[PDB]
Ligand SMILES: *[C@@H]1O[C@H](CO)[C@@H](O)[C@H](O)[C@H]1NC(C)=O
């Protein structure tokens, strides 16, 4: 390829601070905006290798039929491999009433319906991601429609299986004009465990124009290294060690690294940066130390440097507040959410400069010089 041989491992890696977005595994420095495409491809391979498992490509069979009852469409999808194995699933779409825009409705793919308010001119697709890969506990490993296609021992984590499903949904929408969706204006959202999922979807599926993870916490927009710092200093956060025993959001291989995080040549600031140069705003809640609040702020601050280096800082937002229940939406943040939806899904001239925290981090502080070691280059 134009990126040469993509690295999927870095055996000698050992860095207690955040991995540098702007240096390839081979030591080459990023210099151009085009370099970011290759670096993102390498980050994708590293994340798959160390924590996410293998993301399969589009299978040889993908078919879709559509029917509509009232304002509810049903998109019946079939996916199949060359060995004849197939699975089927049928997300529903809730439409705004009346005549759609020329190019169809903008759409947000909402994991299990999401927990954000979706404005009136945007359609909502409800993605039953738990059916694609189960997520009750460690007991759920290898269970779900995805594994009925690829096998229950396939390395994909549940979140990687969910991403695969989103990619098939977008495949189906592109081949189904009667769904009346503008496939150039698709967003994705989810809250809590499904916010972890939504971030993975936006990172790995480049056809998503806007990514909105809501209270995703550890394994979402928090960084593993920063959460280890938090837990060592007395905040009762979720961390890498606990999360792999709690559920199946990560590959089994990640168990080999959760006690050796400095040897992992990525962290979730690079996961989030895989969305660049597309748009993302994530929302966090400081009321629950489980979500690892300092870790999310520092992690997204580090991710933000990639957008800054690409000259598109305002395509990446972060808003972190307290004072509300988990996955309840505070009206105080509706303007920030709507700014990103209006700009990136509704083609309005909305400004999207949102990068705010209350710094309510408990027993630690954020010290950027202790975690971010790189200067930000102006990619050309
Ligand atoms: C370093 O790796 C990147 C990513 O594969 C590649 O684009 C670049 O050309 C490599 N450097 C050299 C000197 O081959």
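Nothing in this text is a laboratory measurement; each read-out follows from the coordinates by a stated rule. With ideal geometry, Cβ positions are generated from the backbone for all residues, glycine too; neighbour counts draw on all protein chains shown.
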Problem - Rounded tilt (10° steps) of 293-309 against the dominant C-alpha axis of the chain - result: 80 degrees
Exercise for the section: Enumerate the whole-percent occupancy of each 5 Å bin, from 0 to the last occupied one, for all C-alpha pair distances of segment 126-254. Expected result: 2, 11, 19, 21, 19, 14, 8, 4, 2, 1, 0
Handout entry: Between segment 303-380 and segment 1-70, the alpha-carbon center distance in angstrom
Key = 23 Å
Problem - Potential lengthening between residue 348 and residue 148 on full extension [0.36 nm per residue; Cα-Cα distance subtracted] - result: 67.8 nm
Problem - Span per principal axis, largest first, for the Cα atoms of the chain (Å) - result: 55, 48, 43
Problem - segment 249-301 and segment 173-221: distance between their alpha carbon centers, rounded to Å - result: 17 Å
Handout entry: Distance in nm between pseudo-label sites at residue 178 and residue 102 (7 Å out along the Cβ direction from Cα)
Key = 2.5 nm
Practice task
Give me the angle, in degrees from 0 to 90, between the Cα long axis of helix 158-174 and the longest principal axis of the Cα atoms of the chain, rounded to the nearest 10.
Solution key: 40 degrees
Completion exercise
So, relative contact order of the chain in percent, Cα under 8 Å, 6 or more apart, is 18 percent
Exercise for the section: Once you have the Cα-Cα distance between residue 263 and residue 370, take 0.36 nm times their residue separation minus that, and quote the gain in nm to one decimal. Expected result: 36.8 nm
Practice task
For segment 272-380, go through all pairs of different Cα atoms, get the mean of 1/r, take its inverse, and jot down that Kirkwood value in Å.
Solution key: 14.8 Å
Fill in the blank from the handout: For the chain, longest principal axis from Cα atoms; helix 334-344 axis from its Cα atoms; angle between them, nearest 10 degrees, is 70 degrees
Practice task
Could you check what % of the DSSP bridge pairs in the chain are antiparallel, to the nearest 5?
Solution key: 45 percent
Exercise for the section: Taking just the C-alpha trace of segment 213-320, give me its Rg and Dmax in Å. Expected result: 13.6, 40
Problem - Estimated FRET transfer efficiency (residue 12, residue 137; beta-carbon r; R0 41 Å; 0.05) - result: 0.70
Practice task
Using label points projected 7 Å from each Cα along Cα→Cβ, tell me how many nm separate residue 31 and residue 86, to one decimal.
Solution key: 5.1 nm
Problem - Rg [Å, one decimal], Dmax [Å, integer] - segment 75-187, C-alpha atoms - result: 15.2, 47
Practice task
Please provide three numbers in whole Å: the alpha-carbon extents of segment 1-88 along the principal axes, with the largest listed first.
Solution key: 54, 34, 29
